[PDB]
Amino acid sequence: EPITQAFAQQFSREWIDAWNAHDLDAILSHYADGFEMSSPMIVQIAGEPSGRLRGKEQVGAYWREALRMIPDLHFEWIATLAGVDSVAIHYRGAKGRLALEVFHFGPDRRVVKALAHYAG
């Protein structure tokens, strides 16, 4: 059974809402221990040429600071598309960038790997 649309939509609505609520515990609840995070923002900010960070402590530290610095952070959900073991959430970012985040899920239905993409 590939990722169901039931799941993809409900995941998307909770993930968007968790970010919009600036509720880091809620956000992190969707992720597996040791999840991998890839983002152009990691290259730039974290100073990691690979653009990768791993785990809730390490990735959470950045997100915690994002919420602190961007106190009225808000994402607009545009679309969700389902793949085999992944969901892609297309949304408009906190500063108007267009975003497309791919989430790969593990056995427990939590995100084991996420990759961010942007334009604009």
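A residue's number is simply how far along the shown sequence it sits, counting from 1.
Taking the PDB entry as given, 63-71 carries the higher mean Cα B factor of the two stretches 63-71 and 22-30. As listed in the deposited structure, the average C-alpha B-factor of 74-82 and of 89-97 is greater for 89-97.
The deposited CA B-factor of residue 119 belongs to the highest third of values across its chain. Placement of the Cα temperature factor of residue 58 within the chain: middle third of the modelled residues, per the deposited record. Sort the modelled residues of the chain by CA B factor and residue 39 lands in the lowest third. Annotation for residue 110: CA B-factor lies in the middle third of the chain's modelled residues.
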